[PDB]
């Protein structure tokens, strides 16, 4: 059909999504946010969400996404801390707004080149928005580094290794218990971090259409291909085929 329900979607980069040809019911932090067609969604870095999407036009893609790397996010952060002044609910983590045709011109003039101009245009849009304070807080709070972030960096160094909690401890020159606490404070466990890393990398590589499922599996650190397919299903709720075909 034109309808999908994907689970455990992790936002790893500050994301600005334009619903375009899809209606999205987002479930996160035991809350529900419905994004209508022709809206802009602001997903902050780190929210684990689930989505129920209904495509309007089937032949085309669902939505239009804009993800911000660390450098761009930090620069936007500092710019917003100069422009609008220096400085825990889903309502302030996933925020939807209505986009004007004038803003639509910029939404078509967005380009992955001229990153200077891209950050400028984000500044401009944020300026042209009612109640932008919410959005602004997200951009800044999504710039801080947590345990989940340092652990994720260390694990991203070699996703194929047989990581354990002892390894993490040795690397951080601390004890297993202490690492367990830096994680538990942020409602995560080492196994969850590792599983999200691998399934997110796998989803991206899958959509790249440049790699076999065996290649994807060996890349993220999974031994067999059948095993990988079963885990992808158990995590997202769909087979890599269903996921790929939907987009």
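Numbering follows the first chain given and starts at 1.
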### Message
Are residue 87 and residue 88 truly consecutive in the deposited sequence, or are residues between them missing coordinates? Give the number as none, 1 to 3, 4 to 9, or 10 or more.
### Response
4 to 9
### Task
Using the B-factors recorded in the PDB entry, average over the C-alpha atoms of 93-101 and of 106-114, then report which stretch comes out higher.
106-114
### Query
196-204 versus 28-36: which one carries the higher mean Cα B factor per the record?
28-36
### Query
Looking at 47, 64, 222, 57, which has the highest Cα B-factor in the entry?
57
### Query
What third of its chain, lowest, middle or highest, does the C-alpha temperature factor of residue 19 fall into?
middle
### Query
Against its chain's modelled residues, does residue 134's Cα B factor rank lowest, middle or highest third?
highest
### Third of the chain's Cα B-factor distribution that residue 73 belongs to, per the entry
highest
### Ranked against its chain, the third holding the CA B-factor of residue 188
highest
### Task
For residue 209, return the chain-relative third of its C-alpha B-factor as stated in the PDB record: lowest, middle or highest.
middle
